[PDB]
Each structure stands twice: as structure tokens, then as C-alpha cells.
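Student: Chains as they are written, first to last, in the authors' numbering: chain N, 41 to 232; chain H, 2 to 66; chain G, 140 to 173; chain X, 1 to 34; chain O, 45 to 216.
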Amino acid sequence: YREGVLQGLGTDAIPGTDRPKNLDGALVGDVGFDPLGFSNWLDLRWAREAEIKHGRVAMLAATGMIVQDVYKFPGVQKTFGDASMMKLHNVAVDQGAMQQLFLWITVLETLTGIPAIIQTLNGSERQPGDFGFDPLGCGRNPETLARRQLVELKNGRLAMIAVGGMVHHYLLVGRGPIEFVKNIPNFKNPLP
Amino acid sequence: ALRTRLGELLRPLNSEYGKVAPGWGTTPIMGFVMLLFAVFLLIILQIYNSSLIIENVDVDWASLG
Amino acid sequence: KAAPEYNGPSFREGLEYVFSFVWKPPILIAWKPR
Amino acid sequence: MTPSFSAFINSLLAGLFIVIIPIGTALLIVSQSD
Amino acid sequence: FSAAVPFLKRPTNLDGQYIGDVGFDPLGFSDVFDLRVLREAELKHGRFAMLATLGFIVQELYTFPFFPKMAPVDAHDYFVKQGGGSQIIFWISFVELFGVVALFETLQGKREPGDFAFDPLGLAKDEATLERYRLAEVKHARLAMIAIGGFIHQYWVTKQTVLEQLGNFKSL
Ligand code: CLA
Ligand code: KC2
Ligand code: KC2
Ligand SMILES: CC1=C(C#C/C(C)=C/C=C/C(C)=C/C=C/C=C(C)/C=C/C=C(\C)C#CC2=C(C)C[C@@H](O)CC2(C)C)C(C)(C)C[C@H](O)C1
Ligand SMILES: CC1=C(C#C/C(C)=C/C=C/C(C)=C/C=C/C=C(C)/C=C/C=C(C)/C=C/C2=C(C)CCCC2(C)C)C(C)(C)C[C@H](O)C1
Ligand SMILES: CC1=C(C#C/C(C)=C/C=C/C(C)=C/C=C/C=C(C)/C=C/C=C(C)/C=C/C2=C(C)CCCC2(C)C)C(C)(C)C[C@H](O)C1
């Protein structure tokens with residue numbers, strides 16, 4: 041609904057084959073690519089709630105491996121040694137950082153993360169993925185928010201693939217996002 | 002039916018026969034607690050079976066002293 | 140020299156009320172489920 | 001955390017993600033579809 | 045439409061009748077137990093904490109001469125044995141028998157939860173002043189219950205009393 045040309049009916053540009061039936065103009069960012077009909081049995085409200093949160097973690101994770109090979113905060117260097125991104129999920133669980141990023145995130149999801157899905161499942165007004173966080177009102181302007189909702193999800197659909205790639209590439213060869221772009225060859229194969 | 006002091010004392014405990022909660026009620030909580038109990042039973046079984054060796058848990062007679 | 144009529148629970152029931160103080164106080168009724 | 005405990009937790013995860021999650025997904029996907 | 049959490053809906057029985065209500069009942073404890081019993085508890089925990097926080101601070105700066113000088117938490121142990129502990133338990137228990145009678149009254153609806161009718165110095169002049177203060181107490185009780193838990197755990201780790209730790213941060 042930013043434009044029907046970008047999303048929604050008539051914008052199914054897979055050879056259309058009609059359109060996955062449950063999928064329709066209403067859900068944001070629908071081009072109708074549902075080969076496996078997941079929409080068919082599924083609650084697209086948990087389905088739509090589930091896609092945006094995976095997208096937001098990944099855009100945040102991805103900004104992260106990229107801004108971690110490129111920067112480390114005051115300190116970090118002395119602890120953490122200087123280590124690639126998966127090793128951090130093994131050292132951190134012991135320096136304690138991560139375990140105090142699962143405490144507060146668990147507190148986040150339990151207190152607000154789980155009621156909101158139940159309300160969306162219950163038929164409560166909030167749309168899948170709406171936590172009503174708009175501290176600076178880019179959202180306020182109604183026209184721009186519609187562009188943002190299509191923007192938010194598309195970048196998240198992109199980031200989840202990129203972060204999945206960053207993690208896949210590094211274990212096989214290289215270190216991190218920046219370095220893998222840095223060394224093109226399978227020439228050096230630094231171990232994970 | 003004989004009425005007794007102890008019978009009248011304990012009568013409300015045996016009063017709501019067939020009273021049920023609607024639908025599924027607390028079934029997910031029961032399933033979660035059963036899953037935790039199953040995990041606990043697996044842990045203690047593998048500890049006794051010596052397939053799970055926690056530090057300072059010597060499953061042996063020599064651990065008595 | 141007041142003398143109340145006390146048309147109320149017999150002496151034995153009062154001893155029971157006093158016993159119910161120690162085996163049935165109202166401490167846990169407050170946490171009854173709804 | 002002995003290597004034995006690590007094997008136990010990963011065994012729980014694999015059983016969840018290779019046995020429980022795939023089979024359960026299929027039953028919900030095909031039950032709802034028919 | 046909970047105000048505190050815009051996303052979650054207001055829990056059904058948190059309607060602002062009790063002051064201190066921002067609709068924050070995410071896990072829905074309100075529905076399962078009587079709200080009136082819960083307010084009694086909020087304030088009763090808060091009241092112990094709001095006092096204890098003062099004590100950890102005072103016990104650190106000064107201790108009466110007859111008692112040996114000890115860190116605030118250490119004392120739970122000396123006092124278990126000197127026998128002071130029993131006295132502070134006996135009395136707080138005695139006050140509480142009356143508290144059981146008070147609660148049962150709240151359940152019968154004849155007492156506002158948390159009201160022991162103690163305003164000796166008569167600070168509460170008007171029904172608005174009562175609402176202002178009553179909110180303040182509920183806010184302080186909530187802050188204090190968090191802080192007392194902190195003073196204790198930080199000592200269990202730093203092994204330093206709260207004011208001393210602030211002076212010498214001694215980061216892990
Ligand atoms: C044990 C102390 C205690 C008790 C009995 C209550 C009781 C109450 N509160 Mg209060 N509250 C407390 C502490 C407490 N609160 C603290 C510390 C804060 C500050 C965060 C608040 C902030 C607060 C607000 C803002 C509001 C209430 C409200 C309420 C009422 C309804 C919510 C409810 O049922 O909560 C039940 C609470 C419990 C059963 C205690 C939690 C026990 C859990 C299961 C254990 C884990 C808790 C843990 C500390 C939190 C996670 C932290 C993580 C690191 C592990 C009820 C009278 C609402 C109200 O006024 O309605 C009348 C309201 O709007 N409370
Ligand atoms: C808000 C920005 C900021 C972030 C996001 C951040 C994250 C982390 C993480 C990741 C979770 C770890 C693991 C970590 C650990 C250490 N930090 Mg900290 N840190 C930040 C700020 C500062 C400043 C300003 C200083 C500092 C210090 C140290 C020392 C030194 C002691 C040593 O010598 O061992 C250690 C070990 C000092 C330093 O050396 O910085 C040059 C110091 O001045 N940090 N820090
Ligand atoms: C879907 C997951 C995924 C995504 C989204 C993704 C994106 C990008 C982008 C962004 C557009 C670039 C620019 C890029 C570049 C390279 N990728 Mg790559 N990539 C992904 C997955 C894999 C796997 C599984 C392998 C791989 C490889 C390489 C090599 C080879 C260098 C070499 O031969 O040494 C180079 C230059 C191989 C490698 O890592 O060798 C161990 C290898 O098997 N990637 N990759
Ligand atoms: C509201 C809400 C929820 C919630 C919540 C929360 C966050 C509840 C948290 C509650 C807390 C933290 C209650 C803390 C009470 C602390 C007390 C009573 C301390 C007493 C100390 C004493 C008596 C002492 C002492 C001492 C003194 C003074 C000095 C020493 O010498 C000796 C000694 C050690 C004896 C959630 C989200 C869960 C769900 C929900 O939907 C709604
Ligand atoms: C911390 C931790 C670790 C970790 C970890 C992590 C973070 C692992 C994360 C891995 C992720 C995110 C993998 C996903 C990769 C993306 C895939 C497979 C999709 C590709 C797209 C495809 C195939 C098609 C797309 C497409 C569609 C749908 C069809 C049409 C066209 C097209 C657009 C191309 C360990 C596990 C390593 C262990 C360590 O001890 C600790
Ligand atoms: C056992 C022991 C003793 C003892 C003892 C004692 C007194 C133990 C008591 C410990 C206490 C009271 C711990 C408190 C934990 C409270 C937490 C984590 C809540 C934080 C608030 C949060 C997370 C707020 C979150 C929030 C924020 C603002 C934003 C989001 C919304 C909201 C959810 C409202 C001794 C000392 C007597 C000695 C003896 O030898 C042994």
C-alpha cells in the first residue's frame with residue numbers, strides 16, 4: 041500500500057499462477073511468493089509477527105559483525121582477546137557479557153514479548169510486529185510510515201540472508217564480514 | 002446417610018464433584034512442567050548411568066570416604 | 140457491673156473457635172484463586 | 001561444564017530440532033492443509 | 045491499552061482503583077489472585093524494604109556500642125545467636141497476628157488494603173494529600189524493594205558495604 045505496484049494485488053510478478061490464496065493485498069510486503077503454501081494452514085498473524093522479529097534481530101546482528109570487525113569499544117581489546125565473531129559467543133558466555141544479555145533480553149520477551157503475540161493471536165488490535173515504539177515520529181506522518189513498513193521488512197528479509205551468509209562464510213573460511221570481503225581467495229584458511 | 006461432626010467438617014472438601022475448568026485450562030503449564038520433569042529424570046539417569054559426568058559427582062562407593 | 144446476655148455459640152464451640160485459631164487461621168484464604 | 005554435559009545439551013537440541021520440530025511442523029502443516 | 049506498555053492491553057482488573065496503577069501486569073498475576081491481597085503485600089514488602097534500605101545505610105555509618113561492629117549482612121548471623129534475632133522476630137510476628145486479623149478484614153472488604161490507620165503525626169491533612177503521599181509510598185516501596193536486593197547482592201560479591209563500595213568502586 042506504499043504503492044500497489046510495489047506490493048499487493050497485480051504485483052505478484054512470480055509468473056503469477058493467480059496468487060497464494062491466503063496471501064492477498066492486506067498483509068504488508070506481500071508479492072505472493074508462497075511456494076510452500078505456508079500461509080495455507082498458518083496464522084499469518086503469527087506468521088507476520090514471526091518474520092519481522094527475525095528480521096530485526098538480523099539487521100541488528102548484521103550491523104554488528106560488520107561494525108565489530110571494524111570497531112571494538114573502549115577495552116574489549118584487553119578482554120575477548122581480539123577474537124572473531126563466533127569465538128565471542130564462546131568467550132563471552134564466560135566473561136559474563138552474554139549471560140547478562142540473555143538475562144535482560146529474557147526479561148524483555150517475557151514481560152512484553154509474549155503477551156503481545158497472545159493479544160495478536162487473541163484478536164487484539166495491535167498488528168503483528170507493532171510494539172508501538174516510535175520515540176521520534178518518523179512514523180507519525182501516515183504516508184511515510186507505510187513506506188517504512190515495506191522498507192523495514194524488505195531490508196530485514198535481506199539482512200537475515202546476509203547475516204546467515206556472514207556466519208556460514210566465516211566457519212568455512214576467513215574471519216568475520218569485513219575480512220571475508222577483504223581476502224577473496226580460499227588462499228588462507230584461518231581456523232574458526 | 003449419617004451426619005457426623007467430622008463429616009460436616011470435611012464436607013466442603015468433597016462437595017464440588019465433576020466441577021471442571023473450561024476448555025484446556027492450565028494444560029500448557031502442565032505440559033511444560035512435565036517436560037522439565039522429563040529433562041530432570043534424564044539428567045539423573047545419565048548421572049547414575051555414568052553417561053553424564055558433572056564435576057564433583059563421583060558415582061562410586063569410594064565417594065563415601 | 141454490666142452483664143451481657145451472650146445469646147451466642149455454646150462454650151464448647153468457642154473452645155473450637157479457639158482451636159480453629161491454630162488449625163484454621165485465615166492466613167491462606169487471602170491467596171485463594173479466582 | 002564437562003564434555004559430557006555439552007554432549008547432553010546438544011543431544012537435547014538435536015532431538016528438538018531434528019525429531020520433534022520437523023515431525024510436529026509436518027503434522028500441523030498437513031493437518032491444517034487438509 | 046496498557047499505558048505503561050502501549051502494546052499490551054490493560055490487564056482486566058488493573059483499572060486504576062488502587063493508586064500506583066500504570067497497567068503493568070504483564071504476566072497477569074492480577075487475574076489469578078485478589079488484587080486487594082496483592083496491594084497489601086506490595087506495601088508490606090515495600091515497608092520492610094524502605095526501612096531496611098535505611099538500615100544498611102545507618103548500620104554502616106554507625107553501630108551501638110554494646111553490639112560488636114559488623115557489616116550489615118554479617119549481623120544476620122551474629123544476631124541469630126546473640127538472640128537479638130529472636131526478639132526482632134518475636135515482635136514483628138506479634139504485630140503480624142493483628143495483621144492476619146487486618147487482612148481477613150480486607151478480604152471481607154471492611155479495610156482498605158495497607159491501611160493500619162497509623163498517621164500519628166497527622167501529616168495527611170487532605171484527601172488529595174493522601175493521594176499524593178499514597179502514590180509516593182507506592183513508588184518508594186517499588187524503588188526500595190529493588191535497591192535492598194541490590195545492596196545485599198553487591199555485598200555478597202564485592203564483600204564491601206554499600207557506602208564503602210561507592211567510595212572504592214573496586215570493579216570486578
Ligand atoms: C513482591 C513485591 C510486589 C508485589 C506483591 C506487587 C504487587 C502488585 N503490583 Mg507491584 N511492583 C513491585 C513489586 C511488587 N508488586 C516492584 C519491585 C516494582 C517495580 C518494578 C513494581 C511496579 C509496579 C507497577 C508499575 C504496577 C504494579 C502493580 C501491582 C499490582 C498488580 C500486579 C501484580 O499482581 O504483581 C504481582 C507481582 C508479583 C507476583 C511479584 C513477582 C514475582 C515473580 C513471579 C518472580 C520474579 C520477579 C522478578 C523480580 C522480575 C524479573 C527480574 C529478572 C531479572 C529475573 C499488585 C498489587 C500495578 C498496580 O498498581 O495495580 C494495582 C502497577 O501498575 N507494580
Ligand atoms: C560505553 C562505551 C563502552 C562499551 C560499549 C564497553 C564494552 C566493554 C566490553 C564489551 C561488552 C568489555 C568486555 C569491556 C571491558 C573493559 N572495558 Mg569497557 N566498554 C566501554 C567504555 C569503556 C571505557 C571508557 C574504559 C573501558 C575500560 C575497560 C577495561 C579495562 C580494564 C583493564 O585494563 O583490564 C575492560 C576489561 C577501560 C579501558 O581500558 O579503555 C581504554 C576504560 O577507560 N570501557 N568493555
Ligand atoms: C546464503 C549464504 C551466503 C551469502 C548471503 C553470501 C554472500 C556473499 C557476498 C555478498 C553478496 C560476497 C561478496 C560473498 C563472497 C564469497 N563467498 Mg559467500 N555468501 C554466502 C555463503 C557462502 C559459502 C557457503 C561459501 C561462500 C564463499 C565465498 C567466497 C570464496 C572465497 C574463497 O574461495 O576462499 C567469496 C569471495 C566460500 C568460502 O567462504 O570459502 C570457504 C564458500 O564455500 N559463501 N559471499
Ligand atoms: C508488578 C508485576 C510484576 C512484578 C514485579 C517485581 C519486580 C517484584 C519484585 C518484588 C520485590 C523485589 C520485593 C522485595 C521485597 C524486599 C524485601 C521485603 C526486603 C526485606 C528486607 C528486610 C525485612 C531486611 C533486613 C535487614 C536489615 C534491614 C539490616 C541487616 O542488619 C539485617 C537484615 C538483613 C535482616 C511482573 C512483571 C512480574 C508480572 C506482573 O504482571 C506485574
Ligand atoms: C553462536 C554459535 C554458533 C552460531 C550461529 C549462527 C548465527 C548461525 C546462523 C546461520 C544462518 C542465519 C543461516 C542461514 C543462511 C541463509 C540461508 C540458508 C538462505 C538462503 C537463501 C536461499 C537458499 C534462497 C533465497 C531465494 C528464495 C527463497 C527463492 C528464490 C530466489 C532467492 C531470493 C535466491 C555456532 C552454531 C556456529 C556454534 C558456536 O559454538 C556458537
Ligand atoms: C538469604 C540471606 C539473607 C537475605 C536476603 C534478601 C532480602 C534477599 C532479597 C533479594 C531481593 C529483594 C532481590 C530483588 C530482585 C528484584 C529484581 C531483580 C527486580 C528488578 C526491577 C526490574 C527488573 C524492573 C523492570 C522494569 C523496568 C523499570 C522497565 C520495564 C518495565 C519494568 C518491568 C517495570 C540474609 C542477607 C538475611 C543473610 C542470610 O545469611 C541469608
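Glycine included, every Cβ here is placed at the ideal spot set by N, Cα and C.
Throw me the rounded Cβ distance for the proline 157 of chain O and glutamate 104 of chain O pair, which I believe falls under 8 Å.
Tutor: In fact, because the Cβ distance is near 33 Å, the residues do not count as touching under 8 Å.
Student: Within 7 Å: the Cβ of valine 182 of chain O and any heavy atom of ligand 6?
Tutor: Flag unset: Cβ of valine 182 of chain O not near ligand 6.
Student: Look up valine 66 of chain O in the DSSP assignment and say whether it is helix, strand or coil.
Tutor: The answer is coil: DSSP assigns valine 66 of chain O none of H, G, I, E or B.
Student: Could you give the C-beta distance for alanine 185 of chain O and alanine 93 of chain O, rounded to a whole number, given that I count them as a contact under 8 Å?
Tutor: With a Cβ gap of about 7 Å, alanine 185 of chain O and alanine 93 of chain O count as contacting.
Student: On the CB-based measure, 16 or more other CB atoms within 10 Å of its CB, does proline 70 of chain O come out buried or exposed?
Tutor: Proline 70 of chain O should be labelled buried.
Student: Starting from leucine 151 of chain O, find everything on chain G with Cβ-Cβ shorter than 9 Å and list it in chain order.
Tutor: Those are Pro165, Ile168, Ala169, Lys171, listed as they occur along chain G.
Student: Give me, in chain order, the residues of the same chain whose beta-carbon lies closer than 6 Å to that of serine 46 of chain O; leave out the 5 immediate sequence neighbours on both sides.
Tutor: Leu52, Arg54, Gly67.
Student: Return no unless some Cβ of chain N is closer than 8 Å to the Cβ of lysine 88 of chain O.
Tutor: No, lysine 88 of chain O lies away from the interface with chain N (no Cβ there is under 8 Å from its Cβ).
Student: Quick one: does the C-beta of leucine 63 of chain N sit closer than 7 Å to a heavy atom of ligand 5?
Tutor: No.
Student: Using a C-beta to C-beta distance shorter than 9 Å, which residues of chain X count as neighbours of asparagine 80 of chain N?
Tutor: Chain X residues near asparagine 80 of chain N: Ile29, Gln32, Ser33.
Student: Quick one: using the 10 Å Cβ neighbour count with 16 as the cut-off for buried, is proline 116 of chain O buried or exposed?
Tutor: Buried, because 16 or more other Cβ atoms sit within 10 Å of the Cβ of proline 116 of chain O.
Student: Would you mind telling me which residues of chain O sit closer than 9 Å to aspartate 134 of chain N, beta carbon to beta carbon, in chain order?
Tutor: Within 9 Å Cβ-Cβ: nothing; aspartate 134 of chain N doesn't reach chain O, min ~13 Å.
Student: Quick check on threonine 25 of chain X - is its C-beta less than 8 Å from some C-beta in chain H?
Tutor: Output row for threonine 25 of chain X: interface = no.
Student: For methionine 35 of chain H, count neighbouring Cβ atoms within 10 angstroms of its own Cβ and tell me buried if that reaches 16, exposed if not.
Tutor: Exposed, by the Cβ-count rule.
Student: Evaluate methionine 200 of chain N with the Cβ neighbour count: other Cβ atoms within 10 Å of its Cβ, from every protein chain shown; 16 or more gives buried, anything less gives exposed.
Tutor: Buried, because 16 or more other Cβ atoms sit within 10 Å of the Cβ of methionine 200 of chain N.
Student: Can you tell me where the alpha helix (DSSP H) with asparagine 10 of chain X in it begins and where it stops?
Tutor: Here the alpha helix (DSSP H) through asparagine 10 of chain X covers 3 to 14.
Student: For the alpha helix (DSSP H) containing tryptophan 162 of chain G, list its first residue and its last residue.
Tutor: 150 to 162 is the span of the alpha helix (DSSP H), which, as asked, contains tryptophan 162 of chain G.
Student: Please report whether the beta-carbon of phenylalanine 77 of chain O lies at a distance below 8 Å from any beta-carbon of chain G.
Tutor: Cβ-Cβ to chain G under 8 Å: yes for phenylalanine 77 of chain O.
Student: To the nearest angstrom, how far is it from the Cα of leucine 151 of chain N to the Cα of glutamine 198 of chain O?
Tutor: Distance between the alpha carbons of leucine 151 of chain N and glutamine 198 of chain O is about 25 Å.
Student: I need the straight-line Cα distance from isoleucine 44 of chain H to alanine 119 of chain O, nearest angstrom please.
Tutor: So the alpha carbons of these two residues sit roughly 39 Å apart.
Student: In whole angstroms, what is the alpha-carbon distance linking residue 234 of chain N and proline 3 of chain X?
Tutor: Limits of chain N in this structure are 41 at one end and 232 at the other, which puts residue 234 of chain N out of reach.
Student: Does chain X have any CB closer than 8 Å to the CB of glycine 172 of chain N?
Tutor: No, no contact with chain X.
Student: Does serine 6 of chain X have its Cβ less than 8 Å from a Cβ in chain H?
Tutor: Closer than 8 Å: no.
Student: Would you please verify whether the beta carbon of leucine 147 of chain O is less than 8 Å from any beta carbon of chain G?
Tutor: It does; some Cβ of chain G falls within 8 Å.
Student: Determine the extent of the alpha helix (DSSP H) in which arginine 178 of chain O is found, giving its start and end residues.
Tutor: 171 to 202 is the span of the alpha helix (DSSP H), which, as asked, contains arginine 178 of chain O.
Student: Which same chain residues, not among the five before or five after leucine 174 of chain O, have their C-beta less than 6 Å away from its C-beta?
Tutor: So the list reads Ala168, once near-sequence residues are dropped.
Student: Residues of chain O with CB under 7 Å from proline 155 of chain N, in chain order?
Tutor: What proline 155 of chain N touches in chain O: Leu52, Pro70.
Student: Less than 6 Å between C-beta atoms, sequence neighbours within five positions excluded: which residues of the same chain meet that for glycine 179 of chain N?
Tutor: The residues are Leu185.
Student: Could you check whether the Cβ of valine 66 of chain O sits closer than 8 Å to any Cβ belonging to chain G?
Tutor: No, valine 66 of chain O lies away from the interface with chain G (no Cβ there is under 8 Å from its Cβ).
Student: Relative to the C-alpha of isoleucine 168 of chain G, which residue among O:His89, O:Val145, O:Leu179 is closest?
Tutor: Selected option, being the one with the closest Cα: O:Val145.
Student: Locate the alpha helix (DSSP H) running through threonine 25 of chain X, then write down its first and last residues.
Tutor: Where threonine 25 of chain X is concerned, the enclosing alpha helix (DSSP H) stretches over 21 to 33.
Student: What separation, rounded to the nearest whole angstrom, lies between the Cα atoms of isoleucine 23 of chain X and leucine 12 of chain X?
Tutor: So the alpha carbons of these two residues sit roughly 16 Å apart.
Student: Would you call the CB atoms of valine 206 of chain O and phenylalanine 195 of chain O closer than 8 Å?
Tutor: Contact: yes.
Student: Are any of the Cβ atoms in chain G nearer than 8 Å to that of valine 81 of chain O?
Tutor: Closer than 8 Å to some Cβ of chain G, the Cβ of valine 81 of chain O qualifies, so yes.
Student: What separation, rounded to the nearest whole angstrom, lies between the Cα atoms of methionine 99 of chain N and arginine 215 of chain N?
Tutor: Straight-line Cα distance between these residues: approximately 19 Å.
Student: Reducing DSSP to helix, strand and coil, say where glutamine 152 of chain O ends up.
Tutor: DSSP places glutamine 152 of chain O in coil when its eight states are reduced to three.
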